[PDB]
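First up is the structure itself, then whatever we jot down about it.
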Amino acid sequence: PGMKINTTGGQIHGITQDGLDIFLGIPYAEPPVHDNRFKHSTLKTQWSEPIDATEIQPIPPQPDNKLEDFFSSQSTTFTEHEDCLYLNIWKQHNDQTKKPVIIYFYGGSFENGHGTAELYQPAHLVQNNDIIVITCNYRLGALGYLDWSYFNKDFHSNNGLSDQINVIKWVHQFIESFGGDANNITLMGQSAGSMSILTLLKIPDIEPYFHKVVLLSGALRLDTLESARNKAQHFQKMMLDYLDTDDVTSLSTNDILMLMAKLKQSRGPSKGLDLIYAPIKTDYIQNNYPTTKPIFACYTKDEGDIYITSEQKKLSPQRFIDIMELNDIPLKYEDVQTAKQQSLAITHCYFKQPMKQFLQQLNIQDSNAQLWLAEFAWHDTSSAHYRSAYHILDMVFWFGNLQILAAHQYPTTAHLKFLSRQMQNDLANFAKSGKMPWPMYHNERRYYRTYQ
């Protein structure tokens, strides 16, 4: 049952099951604890004992993900410790080499998410396509994206973003030992995972380590250094007010989680649209994107509907406007009264139009750019829980985790199995060939695939 992989760093022990080699909880970087707490992570390239890759390892400390239960099909509890920099690898058990590699970055407002969530476990996808799929944890929350240098000149902002760099460098260094093609790395991301890839594209150090990107339902809204400073300022106020210290190093993990919860409570509700924690624009992030990599972008047809699920659960009109303003979306009071108005405004201003503009500018910048757009539009209005094509829902299909719908009174049907299986194939074939089976997106026709 055990499966041994030899690297230049040492051995790695996963499991062989049901035609797959599965490796869980590979530490890719030093644990960001003790003297490494609050700093950019250090890549792990050497271990003096074999790495036991048979168990899920801890996930970044985080508030309760209200949406995790919805996007899973059974009761689970994951351990959360600051020692959480782990990645997981799914691959077919055979002797083929130079396999296309997909690294997945989850979303979750840079607050929750983890590489071992049911929604991101790609077993069904690797079962039907001989690719290598990797998920990971990156630091989240204050611990990931507070500007800690506000408190200490040896501490860093953008820590979670440094963690994502180290996932790519580790794959670059070792994935060939698993049959992967280190010359053919696809980064795939959803929401904040998509925003993270948009950011890695503009970091020249890391940019040449990957070769294709898949962007689901996300655009780039980097925080500014001055905004991060003010949020660090208010974090220090929560520190003083509730705990009576200014020593961040004395803070316990639970202390930071409580302080973040106060900070969000004082900024007001946002349904995750207020990016309290986010990558910050710095000197090593450049202004413009490269165009050498094939890009597949996708949004869902009714993004907003999972942000604004009912007239009773909408945001207050003036709060909503404030949110969208911190996201450079100007809107008026009369146009955001109703649930339906806010859902649509999220769908159009927060996702559709920014992504369209990202693709159009890349075309203008480069005549040979390889871009595809898709709209995920599956839904069933007669259902209880899948009434429109909202944010995140397409990931159920991309990874073939249809069991999630069946746990929420939508049984699997022939159409669902076919549509998901096609999407899996489109995704895996994109990783292989850099092309989609429909016309490229160009600025005159704006062709897109509508999945349903």
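Residue numbering restarts at 1 for every chain of the structure tokens, chains are lettered A, B, ... in their displayed order, and ligands are numbered from 1 as they appear.
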
Quiz item: Can you tell me, as a list in words, what residues are no more than 12 Å from residue 446 (chain A) when counting only C-alpha atoms, ignoring any on the same chain fewer than 6 positions away?
Solution: residues 356, 357, 359, 360, 363, 371, 372, 373, 374, 375, 438, 439 and 440 of chain A

Counting only C-alpha atoms, what is within 8 Å of region 231-245 of chain A, bar same-chain residues fewer than 5 positions away, as a PDB file with C-alpha atoms, in the first residue's frame?
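Output saved as selection_28.pdb:
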ATOM      1  CA  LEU A 146      -1.429  41.965   8.396  1.00  0.00           C
ATOM      2  CA  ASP A 147       1.501  44.291   7.846  1.00  0.00           C
ATOM      3  CA  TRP A 148       3.497  42.970  10.803  1.00  0.00           C
ATOM      4  CA  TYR A 150       4.244  47.911  11.645  1.00  0.00           C
ATOM      5  CA  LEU A 259      -8.518  40.188  17.695  1.00  0.00           C
ATOM      6  CA  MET A 260      -9.345  39.591  14.004  1.00  0.00           C
ATOM      7  CA  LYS A 262     -13.142  42.214  16.815  1.00  0.00           C
ATOM      8  CA  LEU A 263     -11.541  44.034  13.881  1.00  0.00           C
ATOM      9  CA  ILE A 276      -9.389  43.158   5.469  1.00  0.00           C
TER      10      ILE A 276
END

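Counting only C-alpha atoms, residue 416 (chain A) has the following residues at most 10 Å away, ignoring those fewer than 2 positions along the same chain: residues 378, 397, 400, 402, 405, 411, 412, 413, 414, 418, 419, 420, 421, 422 and 452 of chain A.
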
Store the residues of this selection in a file with N, CA and C atoms, as a tab-separated table (two decimals), in the first residue's frame.
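Once everything was written out, this is out.tsv:
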chain	number	residue	atom	x	y	z
A	378	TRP	N	-24.66	26.49	-15.18
A	378	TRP	CA	-25.53	25.43	-14.67
A	378	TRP	C	-26.27	25.91	-13.43
A	397	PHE	N	-17.94	21.29	-10.02
A	397	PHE	CA	-17.87	20.61	-11.31
A	397	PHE	C	-16.44	20.44	-11.79
A	400	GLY	N	-15.19	17.54	-10.11
A	400	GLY	CA	-16.08	16.39	-10.08
A	400	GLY	C	-16.52	15.95	-8.69
A	402	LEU	N	-19.47	16.07	-7.31
A	402	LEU	CA	-20.92	16.11	-7.38
A	402	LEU	C	-21.58	15.63	-6.09
A	405	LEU	N	-23.46	18.31	-4.07
A	405	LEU	CA	-24.85	18.61	-4.38
A	405	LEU	C	-25.78	17.57	-3.78
A	411	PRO	N	-29.77	15.26	-6.20
A	411	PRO	CA	-29.11	14.02	-6.59
A	411	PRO	C	-28.38	14.16	-7.92
A	412	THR	N	-27.36	13.34	-8.08
A	412	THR	CA	-26.61	13.34	-9.33
A	412	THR	C	-27.45	12.72	-10.43
A	413	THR	N	-27.34	13.30	-11.62
A	413	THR	CA	-28.06	12.87	-12.81
A	413	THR	C	-27.07	12.79	-13.97
A	414	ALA	N	-27.52	12.13	-15.05
A	414	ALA	CA	-26.69	11.96	-16.24
A	414	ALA	C	-26.12	13.29	-16.72
A	418	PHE	N	-22.10	14.20	-16.97
A	418	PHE	CA	-21.51	14.55	-18.26
A	418	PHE	C	-20.89	15.94	-18.22
A	419	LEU	N	-21.65	16.94	-17.74
A	419	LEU	CA	-21.15	18.31	-17.76
A	419	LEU	C	-19.89	18.46	-16.93
A	420	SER	N	-19.88	17.85	-15.73
A	420	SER	CA	-18.68	17.92	-14.89
A	420	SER	C	-17.51	17.20	-15.55
A	421	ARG	N	-17.76	16.03	-16.12
A	421	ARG	CA	-16.69	15.24	-16.70
A	421	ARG	C	-16.07	15.98	-17.88
A	422	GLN	N	-16.91	16.64	-18.70
A	422	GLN	CA	-16.39	17.51	-19.75
A	422	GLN	C	-15.52	18.63	-19.17
A	452	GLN	N	-23.44	24.63	-19.37
A	452	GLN	CA	-24.59	24.26	-18.53
A	452	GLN	C	-25.19	22.94	-18.91

Quiz item: Contacts of residue 4 (chain A) at 9 Å or less, counting only C-alpha atoms, minus same-chain residues fewer than 3 places along, as a list in words?
Solution: residues 11, 12, 13, 14 and 15 of chain A

Include C-alpha atoms and write out the residues we just selected as a short mmCIF file (atom, residue, chain, number, x, y, z; two decimals), in the first residue's frame.
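File written: out_0.cif
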data_model
loop_
_atom_site.label_atom_id
_atom_site.label_comp_id
_atom_site.auth_asym_id
_atom_site.auth_seq_id
_atom_site.Cartn_x
_atom_site.Cartn_y
_atom_site.Cartn_z
CA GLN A 11 12.21 10.23 0.94
CA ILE A 12 8.47 10.89 0.84
CA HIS A 13 5.94 8.17 1.81
CA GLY A 14 2.41 8.38 0.43
CA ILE A 15 -0.33 5.83 -0.16
#

Quiz prompt | Close residues, residue 334 (chain A) itself excluded, 12 Å, only C-alpha atoms, min 6 positions apart in chain, as JSON, numbers by chain | solution = {"A": [317, 318, 320, 321, 341, 342]}

Self-check item: Contact residues around residue 128 (chain A) with only C-alpha atoms at 12 Å, ignoring same-chain residues under 4 positions, as a VMD selection string
Solution: chain A and resid 19 to 20 91 to 92 122 to 124 132 399 to 400 420 to 429

Practice problem: Determine which residues of region 253-387 of chain A DSSP labels as strand (DSSP E or B) from the backbone of this structure, then write them out as a list in words. | Solution: residues 280, 295, 296, 297, 298, 299, 300, 371, 372, 373, 374, 375 and 376 of chain A

How close does region 266-291 of chain A get to region 295-314 of chain A? List, as CSV, each residue of region 266-291 of chain A within 9 Å, its nearest atom pair and the distance in Å to one decimal, counting only C-alpha atoms.
residue,atom,partner,partner_atom,distance
A:270,CA,A:307,CA,8.9
A:271,CA,A:307,CA,5.9
A:272,CA,A:307,CA,8.0
A:273,CA,A:307,CA,8.5
A:291,CA,A:295,CA,8.7

If you keep N, CA, C and O atoms, can you produce a file of those selected residues as a PDB file, in the first residue's frame?
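Written out: again_0.pdb:
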ATOM      1  N   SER A 270     -19.817  42.566   5.529  1.00  0.00           N
ATOM      2  CA  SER A 270     -19.405  42.716   4.133  1.00  0.00           C
ATOM      3  C   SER A 270     -19.601  41.469   3.273  1.00  0.00           C
ATOM      4  O   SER A 270     -19.345  41.508   2.063  1.00  0.00           O
ATOM      5  N   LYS A 271     -20.023  40.357   3.882  1.00  0.00           N
ATOM      6  CA  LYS A 271     -20.208  39.082   3.176  1.00  0.00           C
ATOM      7  C   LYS A 271     -18.914  38.605   2.539  1.00  0.00           C
ATOM      8  O   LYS A 271     -18.933  37.898   1.531  1.00  0.00           O
ATOM      9  N   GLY A 272     -17.785  39.002   3.111  1.00  0.00           N
ATOM     10  CA  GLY A 272     -16.495  38.660   2.573  1.00  0.00           C
ATOM     11  C   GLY A 272     -15.992  39.582   1.486  1.00  0.00           C
ATOM     12  O   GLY A 272     -14.928  39.323   0.926  1.00  0.00           O
ATOM     13  N   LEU A 273     -16.711  40.664   1.181  1.00  0.00           N
ATOM     14  CA  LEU A 273     -16.281  41.552   0.105  1.00  0.00           C
ATOM     15  C   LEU A 273     -15.229  42.559   0.568  1.00  0.00           C
ATOM     16  O   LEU A 273     -14.425  43.037  -0.242  1.00  0.00           O
ATOM     17  N   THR A 291       2.583  38.034 -21.111  1.00  0.00           N
ATOM     18  CA  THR A 291       1.579  37.471 -22.009  1.00  0.00           C
ATOM     19  C   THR A 291       2.007  36.131 -22.574  1.00  0.00           C
ATOM     20  O   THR A 291       1.355  35.625 -23.503  1.00  0.00           O
TER      21      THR A 291
END

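Of the listed residues (A:166, A:367, A:199, A:54), A:54 comes nearest to residue 90 (chain A); the distances count only C-alpha atoms.
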
Exercise. Could you tell me, as an MDAnalysis selection string, which residues of region 143-347 of chain A DSSP assigns to helix (DSSP H, G or I) when given the backbone?
Key: chainID A and resid 143:145 148:150 159:178 192:201 207:209 225:243 248:250 253:267 303:306 311:313 317:326 333:335 339:347

Keeping only C-alpha atoms, write those residues as an mmCIF file, in the first residue's frame.
data_model
loop_
_atom_site.group_PDB
_atom_site.id
_atom_site.type_symbol
_atom_site.label_atom_id
_atom_site.label_comp_id
_atom_site.auth_asym_id
_atom_site.auth_seq_id
_atom_site.Cartn_x
_atom_site.Cartn_y
_atom_site.Cartn_z
ATOM 1 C CA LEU A 143 -1.008 35.955 10.304
ATOM 2 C CA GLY A 144 -1.006 35.870 6.507
ATOM 3 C CA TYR A 145 -1.515 39.481 5.505
ATOM 4 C CA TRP A 148 3.497 42.970 10.803
ATOM 5 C CA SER A 149 6.423 45.250 10.000
ATOM 6 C CA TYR A 150 4.244 47.911 11.645
ATOM 7 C CA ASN A 159 3.317 36.374 4.279
ATOM 8 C CA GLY A 160 0.627 34.183 2.721
ATOM 9 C CA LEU A 161 1.834 35.409 -0.657
ATOM 10 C CA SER A 162 5.395 34.398 0.218
ATOM 11 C CA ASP A 163 3.931 30.992 1.152
ATOM 12 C CA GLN A 164 2.424 30.633 -2.326
ATOM 13 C CA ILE A 165 5.801 31.435 -3.861
ATOM 14 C CA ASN A 166 7.363 28.649 -1.837
ATOM 15 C CA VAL A 167 4.760 26.094 -2.998
ATOM 16 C CA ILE A 168 5.781 26.859 -6.590
ATOM 17 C CA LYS A 169 9.507 26.711 -5.815
ATOM 18 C CA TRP A 170 9.100 23.359 -4.043
ATOM 19 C CA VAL A 171 7.202 21.936 -7.016
ATOM 20 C CA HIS A 172 9.824 23.336 -9.346
ATOM 21 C CA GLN A 173 12.452 21.512 -7.293
ATOM 22 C CA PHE A 174 10.838 18.103 -6.593
ATOM 23 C CA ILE A 175 7.784 17.483 -8.785
ATOM 24 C CA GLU A 176 9.843 15.683 -11.430
ATOM 25 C CA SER A 177 10.458 12.953 -8.844
ATOM 26 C CA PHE A 178 6.699 12.293 -9.037
ATOM 27 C CA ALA A 192 -8.602 35.099 -3.728
ATOM 28 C CA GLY A 193 -6.693 32.190 -5.278
ATOM 29 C CA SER A 194 -7.265 33.783 -8.651
ATOM 30 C CA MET A 195 -6.183 37.168 -7.255
ATOM 31 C CA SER A 196 -3.049 35.518 -5.872
ATOM 32 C CA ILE A 197 -2.064 34.171 -9.290
ATOM 33 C CA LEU A 198 -2.674 37.571 -10.897
ATOM 34 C CA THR A 199 -0.172 38.836 -8.277
ATOM 35 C CA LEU A 200 2.399 36.071 -8.840
ATOM 36 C CA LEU A 201 2.254 36.848 -12.586
ATOM 37 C CA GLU A 207 6.764 34.423 -12.948
ATOM 38 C CA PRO A 208 8.995 32.043 -15.023
ATOM 39 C CA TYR A 209 8.383 29.116 -12.668
ATOM 40 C CA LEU A 225 0.762 50.144 2.052
ATOM 41 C CA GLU A 226 -1.078 53.054 3.704
ATOM 42 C CA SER A 227 -4.327 51.096 3.994
ATOM 43 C CA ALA A 228 -2.415 48.156 5.484
ATOM 44 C CA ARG A 229 -0.761 50.495 7.981
ATOM 45 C CA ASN A 230 -4.152 51.813 9.081
ATOM 46 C CA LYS A 231 -5.490 48.268 9.514
ATOM 47 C CA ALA A 232 -2.396 47.380 11.511
ATOM 48 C CA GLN A 233 -3.073 50.539 13.537
ATOM 49 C CA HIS A 234 -6.601 49.333 14.370
ATOM 50 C CA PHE A 235 -5.339 45.818 15.114
ATOM 51 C CA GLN A 236 -3.043 47.386 17.713
ATOM 52 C CA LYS A 237 -6.085 49.186 19.151
ATOM 53 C CA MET A 238 -7.896 45.850 19.513
ATOM 54 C CA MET A 239 -4.706 44.504 21.118
ATOM 55 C CA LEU A 240 -4.691 47.307 23.688
ATOM 56 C CA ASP A 241 -8.457 47.453 24.213
ATOM 57 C CA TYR A 242 -9.107 43.737 24.759
ATOM 58 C CA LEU A 243 -5.768 42.270 25.874
ATOM 59 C CA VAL A 248 2.474 40.813 19.190
ATOM 60 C CA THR A 249 5.006 38.067 20.052
ATOM 61 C CA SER A 250 3.136 37.365 23.290
ATOM 62 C CA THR A 253 -3.066 31.826 18.212
ATOM 63 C CA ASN A 254 -6.505 32.148 19.808
ATOM 64 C CA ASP A 255 -5.599 35.747 20.756
ATOM 65 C CA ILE A 256 -5.050 36.671 17.084
ATOM 66 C CA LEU A 257 -8.299 34.947 16.095
ATOM 67 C CA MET A 258 -10.199 36.917 18.728
ATOM 68 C CA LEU A 259 -8.518 40.188 17.695
ATOM 69 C CA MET A 260 -9.345 39.591 14.004
ATOM 70 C CA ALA A 261 -12.939 38.882 14.974
ATOM 71 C CA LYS A 262 -13.142 42.214 16.815
ATOM 72 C CA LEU A 263 -11.541 44.034 13.881
ATOM 73 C CA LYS A 264 -14.085 42.654 11.405
ATOM 74 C CA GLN A 265 -16.926 43.396 13.838
ATOM 75 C CA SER A 266 -15.756 47.031 14.046
ATOM 76 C CA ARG A 267 -15.471 47.468 10.284
ATOM 77 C CA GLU A 303 -21.827 35.248 -8.835
ATOM 78 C CA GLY A 304 -23.507 37.563 -6.328
ATOM 79 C CA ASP A 305 -26.383 35.242 -5.407
ATOM 80 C CA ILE A 306 -24.306 33.455 -2.757
ATOM 81 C CA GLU A 311 -33.934 40.249 0.951
ATOM 82 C CA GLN A 312 -33.503 39.515 4.652
ATOM 83 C CA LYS A 313 -29.765 38.808 4.398
ATOM 84 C CA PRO A 317 -27.670 50.218 1.358
ATOM 85 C CA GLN A 318 -25.060 52.649 2.680
ATOM 86 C CA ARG A 319 -22.834 49.847 3.955
ATOM 87 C CA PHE A 320 -22.897 48.187 0.522
ATOM 88 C CA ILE A 321 -21.842 51.407 -1.228
ATOM 89 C CA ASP A 322 -19.006 51.786 1.278
ATOM 90 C CA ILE A 323 -17.799 48.220 0.548
ATOM 91 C CA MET A 324 -17.802 48.680 -3.198
ATOM 92 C CA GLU A 325 -16.044 52.034 -2.802
ATOM 93 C CA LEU A 326 -13.123 50.430 -0.976
ATOM 94 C CA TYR A 333 -27.933 54.691 -3.041
ATOM 95 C CA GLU A 334 -31.042 54.359 -5.196
ATOM 96 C CA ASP A 335 -29.521 51.474 -7.205
ATOM 97 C CA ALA A 339 -31.190 42.038 -2.634
ATOM 98 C CA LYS A 340 -31.435 41.579 -6.381
ATOM 99 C CA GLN A 341 -29.646 44.878 -7.025
ATOM 100 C CA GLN A 342 -26.722 43.998 -4.774
ATOM 101 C CA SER A 343 -26.358 40.491 -6.154
ATOM 102 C CA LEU A 344 -26.246 41.872 -9.709
ATOM 103 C CA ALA A 345 -23.845 44.640 -8.724
ATOM 104 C CA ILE A 346 -21.456 42.059 -7.291
ATOM 105 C CA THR A 347 -21.733 39.788 -10.346
#

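Across the model, the gap from CA of residue 71 (chain A) to CA of residue 113 (chain A) is 11.4 Å.
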
Quiz prompt | Atom pair CA of residue 138 (chain A) / CA of residue 99 (chain A): separation (Å) | solution = 24.4 Å

Quiz prompt | Atom-to-atom span, CA of residue 136 (chain A) and CA of residue 115 (chain A), Å | solution = 4.3 Å
